[PDB]
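> Quick note, the sequence shown lines up with residues 4 to 125, 127 to 261 if you use the entry's author numbering.
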Amino acid sequence: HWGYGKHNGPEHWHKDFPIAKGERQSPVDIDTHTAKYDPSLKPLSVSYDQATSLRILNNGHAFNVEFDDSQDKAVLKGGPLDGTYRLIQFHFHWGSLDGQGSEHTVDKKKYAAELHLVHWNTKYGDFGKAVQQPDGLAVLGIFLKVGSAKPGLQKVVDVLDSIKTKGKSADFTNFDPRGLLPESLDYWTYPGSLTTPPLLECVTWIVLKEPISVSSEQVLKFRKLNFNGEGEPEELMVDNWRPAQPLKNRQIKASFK
Ligand SMILES: Cc1cccc([N+](=O)[O-])c1
Ligand SMILES: [Zn+2]
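#1: When every heavy atom of ligand 2 is checked, does at least one fall within less than 7 Å of the C-beta of residue 10?
#2: In the DSSP assignment, find the unbroken alpha helix (DSSP H) run with residue 239 in it and report its ends.
#3: Distance, Cα to Cα, residue 145 vs residue 195?
#4: Looking only at DSSP bridge pairs, what is residue 196 linked to?
#5: Just to confirm the assignment, what range does the beta strand (DSSP E) spanning residue 187 have?
#6: Could you tell me if residue 40 is buried or exposed, where buried requires 16 or more neighbouring beta carbons within 10 angstroms of its beta carbon?
#7: Could you give the DSSP three-state label for residue 132: helix, strand or coil?
#8: Between residue 10 and residue 116, what straight-line distance do the alpha-carbon atoms span, to the nearest angstrom?
#9: So for residue 22, helix, strand or coil by DSSP?
#10: Give me every residue whose Cβ sits closer than 6 Å to any heavy atom of ligand 1, in chain order.
#11: If you count every other CB in all the chains shown that lies within 10 Å of the CB of residue 244, and 16 or more means buried, which is it?
#12: Can you pull the DSSP bridge partners for residue 108?
#13: Since I believe residue 25 is in contact with residue 205 (beta carbons under 8 Å), could you give me their beta-carbon distance rounded to a whole number of angstroms?
#14: Please find out if some non-hydrogen atom of ligand 2 comes closer than 7 Å to the beta-carbon of residue 36.
#15: If you reduce the DSSP assignment to three classes, tell me which class residue 93 lands in.
#16: Would residue 216 and residue 186 qualify as a contact pair, given that the criterion is a beta-carbon distance under 8 Å?
#17: Would residue 246 pass as a contact of residue 106 if the rule is Cβ separation under 8 Å?
#18: Could you tell me which residues DSSP puts in a beta bridge with residue 81?
#19: Any heavy atom of ligand 2 inside 7 Å of the beta-carbon of residue 15?
#20: Let me know the secondary structure DSSP gives residue 231 once reduced to three states.
#21: Given this structure, state the Cα-to-Cα distance separating residue 71 from residue 179, to the nearest angstrom.
#22: May I ask which residues mark the beginning and end of the beta strand (DSSP E) holding residue 149?
#23: Beta-carbon within less than 6 Å of residue 67's beta-carbon, same chain only, minus the 5 sequence neighbours each way: which residues are those?
#24: Kindly confirm or deny that the stretch 74–84 and the stretch 41–54 touch, where touching means at least three C-beta pairs closer than 8 Å.
#25: Which whole-angstrom value describes the C-beta separation of residue 248 and residue 110, a residue pair presumed to lie in contact below a C-beta threshold of 8 Å?
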């Protein structure tokens with residue numbers, strides 16, 4: 004099945020998921036010189052004070068930190084969005100080396116990693133219904149650069165030994181995702197897709213301009229994870245990023261001058 008090797012990576016996905024060659028695929032390169040400032044965009048409203056993390060899972064593609072999304076406890080609103088979007092999970096994409104790992108790029112620059120906070124539109129009732137709608141999801145994307153440690157990331161890093169291989173989970177309560185945000189909420193936005201199969205064109209992307217800093221040590225721990233299951237040949241979970249896709253007939257809008 005699909006993955007990030009030579010034989011099963013991004014360049015193969017279209018055979019099982021033809022929407023891979025669609026009109027609104029993600030990620031994309033963000034050309035900062037052609038993204039136009041849109042004064043009509045609102046500030047983003049990130050309301051995570053009541054968030055309830057539950058569990059962390061290695062799904063064989065990344066690790067997901069999952070939240071209780073049975074009520075409006077951690078929500079994203081404002082920005083480019085109409086309505087209310089509930090946080091379901093976050094996860095990262097990262098590289099084998101610090102010079103690659105992000106999915107979005109900025110003037111062709113690749114960051115060491117990218118965080119995706121995934122939210123679904125409450127008007128559709130559940131996640132599975134939301135991903136069938138063009139405005140079903142809002143994903144907040146945050147770039148990671150290597151420098152100073154991110155203190156708020158360390159709780160995640162330190163549990164990763166317990167979910168080394170595909171299908172392992174661990175309890176992961178009381179984690180505050182506010183500790184993963186940069187200072188500024190300035191953003192770019194465009195309409196796109198999930199970046200993994202099934203590649204559904206259901207996402208309003210909100211990509212923050214300001215990266216967070218993580219330490220080399222932190223990212224090194226991500227790279228100790230495995231794609232494989234327990235007692236299978238070890239294949240390090242690295243380079244779990246889809247490259248930039250054609251922008252096609254889209255505009256990327258900036259919230260800031
Ligand atoms: C399959 C799946 C599920 C949730 C989120 C994403 N995504 O952001 O690519 C993909
Ligand atoms: Zn992602």
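Don't be surprised by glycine CBs; every beta carbon is placed ideally from N, CA and C.
Well, looking at it:
#1: no
#2: From DSSP, residue 239 is part of no alpha helix (DSSP H); its letter is neither H nor E.
#3: 13 Å
#4: In the DSSP assignment, residue 196 forms a beta bridge with 207.
#5: Taken as a continuous stretch (DSSP letters only), residue 187 belongs to no beta strand (DSSP E), as it is neither H nor E.
#6: Taking a 10 Å sphere around the C-beta of residue 40, we find fewer than 16 other C-beta atoms and assign the residue as exposed.
#7: helix
#8: Between the alpha carbons of residue 10 and residue 116 lies a gap of roughly 23 Å.
#9: helix
#10: 119, 121, 143, 198, 199 and 200
#11: buried
#12: 32
#13: Rounded, the Cβ-Cβ distance is 6 Å, consistent with contact.
#14: no
#15: strand
#16: yes
#17: yes
#18: 47
#19: no
#20: Note: residue 231 maps to coil in three-state DSSP.
#21: 12 Å
#22: 141–150
#23: 60, 92 and 94
#24: Touching, yes.
#25: The beta carbons of residue 248 and residue 110 sit about 11 Å from each other, so the pair does not count as a contact at 8 Å.
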